[PDB]
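Worksheet: the structure to be examined is printed underneath.
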Amino acid sequence: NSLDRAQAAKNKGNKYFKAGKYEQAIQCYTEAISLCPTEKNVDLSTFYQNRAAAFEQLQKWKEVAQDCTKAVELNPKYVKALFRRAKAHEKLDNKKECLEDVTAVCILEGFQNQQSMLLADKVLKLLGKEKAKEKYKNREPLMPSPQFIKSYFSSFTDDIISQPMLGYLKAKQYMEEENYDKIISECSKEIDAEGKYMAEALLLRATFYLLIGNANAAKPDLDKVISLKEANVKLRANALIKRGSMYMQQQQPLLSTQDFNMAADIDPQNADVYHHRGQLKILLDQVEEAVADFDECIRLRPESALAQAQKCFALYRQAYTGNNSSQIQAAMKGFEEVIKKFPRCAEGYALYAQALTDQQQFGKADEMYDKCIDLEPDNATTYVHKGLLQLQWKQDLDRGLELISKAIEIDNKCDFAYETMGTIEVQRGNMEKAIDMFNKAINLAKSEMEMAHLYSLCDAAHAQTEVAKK
Amino acid sequence: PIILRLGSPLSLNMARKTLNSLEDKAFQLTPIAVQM
């Protein structure tokens with residue numbers, strides 16, 4: 001009965017444990033370690049894990065990881081020992097080791113334990129945020145394509161800075177000639193000389209700071225345009241739109257809405273404010289606030305195809321969230337009415353295809369994406385949409401890779417496509433090629449938040465290969 | 001976690017939420033996750 005003597009020592013250590021006498025419980029567990037036959041892996045791993053619990057209440061995290069480690073050697077799939085070591089590594093700032101332990105925990109649990117997944121999600125965000133910060137320091141900025149720049153400014157009508165010409169004047173001519181890399185220089189000459197186009201150059205320089213991914217240099221310019229009350233209200237409203245979007249990009253919903261609300265108050269008929277705020281309201285699932293902004297866009301732009309396509313999709317999300325099939329079909333038929341009234345609005349088809357995919361009509365959604373290729377053949381994002389469709393629809397990873405690769409041929413500076421290709425290589429099991437695609441998107445991401453998400457995908461991939469080695 | 005992309009249409013920003021969901025399932029549907 002040599003094993004009964006080990007459990008007897010373990011059971012008295014449990015009574016010291018419940019009385020708060022952890023040092024005396026540790027000695028009983030140590031006595032149980034000695035009396036357990038080496039042939040009994042499970043019982044011996046139990047005794048090590050119990051002693052790690054006593055070390056945990058004393059908050060001696062080093063001894064916790066040590067005892068959990070020995071317990072895993074006897075019971076390699078001891079989920080309680082692996083998870084306790086993951087918590088121990090978190091306290092010791094062993095984030096990579098904590099991620100690897102909690103990765104094995106989630107796999108053994110079938111991803112069914114919210115407690116384990118919250119810990120993995122917590123350490124993944126921290127690891128990705130750290131690397132995104134250090135990489136964003138000395139990252140060289142890339143100027144996006146002219147097609148992206150013109151599409152960005154075409155989403156504004158009241159910005160002034162994009163208007164044609166009838167320091168800053170030289171910057172406006174470099175812009176009309178698509179020589180964007182020298183716009184920031186000529187704008188600084190106005191600000192340094194404090195000319196009459198000072199607020200415009202301050203706003204135009206901040207815009208291209210954002211366009212090259214330098215949100216840290218755009219913030220002081222946006223702050224300054226907003227502080228100048230004498231400046232044109234159109235320039236302050238446009239600067240508040242861009243500072244609010246940057247706030248939302250940095251996970252600041254409250255400051256974002258404050259800037260958008262102030263933009264609407266100081267410039268009540270600026271349709272850019274209602275257009276860009278409503279798009280954020282949809283992303284935040286604040287639907288009734290979105291239709292209100294999109295209804296104002298229609299009121300201010302009664303002939304705009306996109307404005308009615310927006311509101312039609314906003315009405316759909318309202319029916320989708322309330323789950324009335326009568327209202328859902330009402331808004332679904334509204335899409336077919338929008339595409340007939342505006343047959344060359346590609347976003348009308350894309351918003352419809354999203355609603356079709358949300359409601360399982362994949363074949364018709366692929367047709368709407370095909371129509372976008374007819375109208376706009378050089379739009380790479382539509383091929384990303386078709387690729388994402390092939391994953392949700394048929395799980396055809398080969399055809400999905402070909403469509404995502406097609407978007408790269410059109411726009412090799414599309415970080416969204418590289419992220420989708422790495423996601424596919426994870427699903428196929430090619431972890432090294434997946435990290436390869438994630439890194440190419442990192443060097444292309446436009447914000448630090450996007451870069452942190454991509455770095456998290458890398459650490460999750462690397463952690464799985466380490467778990468695979470055992 | 002709203003990952004907002006600069007200068008993108010609404011349909012593209014909607015696809016980010018779809019990509020996030022597909023990334024979660026991709027890591028749960030890897031050879032190492034099923035063989036353990």
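Sequence lines set the chain letters: A, B, ... in the order given, protein chains first and strands last, and positions in each chain run from 1.
Of the residues considered (B/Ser8, B/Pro9, B/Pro1), B/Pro9 shows the highest number of contacts with chain A, using heavy-atom pairs under 4.5 Å. Note on B/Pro31, B/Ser21, B/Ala33: by heavy-atom pairs under 4.5 Å with chain A, the leading option is B/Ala33. Looking only at heavy-atom pairs under 4.5 Å with chain A, the residue among B/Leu29, B/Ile2, B/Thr18 that has the most is B/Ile2. The greatest number of non-hydrogen atom pairs below 4.5 Å with chain A, out of B/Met36, B/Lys17, B/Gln35, B/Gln28, is found for B/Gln28. The most heavy-atom pairs under 4.5 Å with chain B, out of A/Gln310, A/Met246, A/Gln249, A/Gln464, come from A/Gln464. Put simply, of B/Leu22, B/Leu19, B/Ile3, the one with the most heavy-atom pairs under 4.5 Å next to chain A is B/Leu19. Per-residue counts of heavy-atom pairs under 4.5 Å with chain B were compared for A/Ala460, A/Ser447, A/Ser151, A/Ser155; the largest is that of A/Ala460. The greatest number of non-hydrogen atom pairs below 4.5 Å with chain B, out of A/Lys242, A/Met449, A/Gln392, is found for A/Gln392. Residue with the most contacts toward chain B among A/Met431, A/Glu450, A/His276: A/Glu450 (heavy-atom pairs, distance under 4.5 Å). Ranked by heavy-atom pairs under 4.5 Å with chain B, the list A/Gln354, A/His385, A/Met248 is led by A/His385.
Here the CG-CZ distance, from A/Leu457 to B/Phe27, works out to 5.0 Å after rounding to the nearest 0.5 Å. Between B/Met14 atom CE and A/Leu283 atom CG the span is 7.0 Å, to the nearest 0.5 Å. Rounded to the nearest 0.5 angstrom, B/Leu10 CG and A/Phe294 CZ are separated by 6.0 Å. The line from NZ of B/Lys25 to OG1 of A/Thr423 is 10.5 Å long, rounded to the nearest 0.5 Å. Once rounded to the nearest 0.5 Å, the distance linking OG1 of A/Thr420 with CD of B/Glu23 reads 7.5 Å.
For the 3.5 Å distance criterion, the side chains of A/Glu347 and B/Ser11 qualify, holding a donor opposite an acceptor.
Contacts of A/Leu388 with chain B are made by both backbone and side-chain atoms, with heavy-atom separations under 4.5 Å. With a 4.5 Å cut-off on non-hydrogen atoms, A/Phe153 does not touch chain B at all. Within the 4.5 angstrom heavy-atom criterion, only side-chain atoms of A/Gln251, from C-beta onward, approach chain B.
Other residues, nucleotides and ligands place no more than 12 heavy atoms under 6.0 Å from the NZ atom of A/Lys122.
Counting only heavy atoms from C-beta outward, the side chains of A/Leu280 and B/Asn13 never approach each other to under 4.5 Å.
A salt bridge links A/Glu419 with B/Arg16: the distance from a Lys NZ or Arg NE/NH1/NH2 to an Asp or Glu carboxylate oxygen falls below 4.0 Å.
What you find for A/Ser245 and B/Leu4 is that their closest heavy atoms are O-CD2, 3.6 Å. The heavy-atom pair separating A/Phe148 from B/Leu6 by the smallest distance is CZ-O, 3.2 Å.
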Practice prompt. Begin with the C-alpha distance, continue with both residues' side-chain angles, and end with the deciding distance and a verdict on side chain to side chain contact (heavy atoms under 4.5 Å, CB included) for B/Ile32 and A/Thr465.
Written response: CA-CA 8 Å; B/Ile32 310 111; A/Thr465 76; 5.8 Å; no
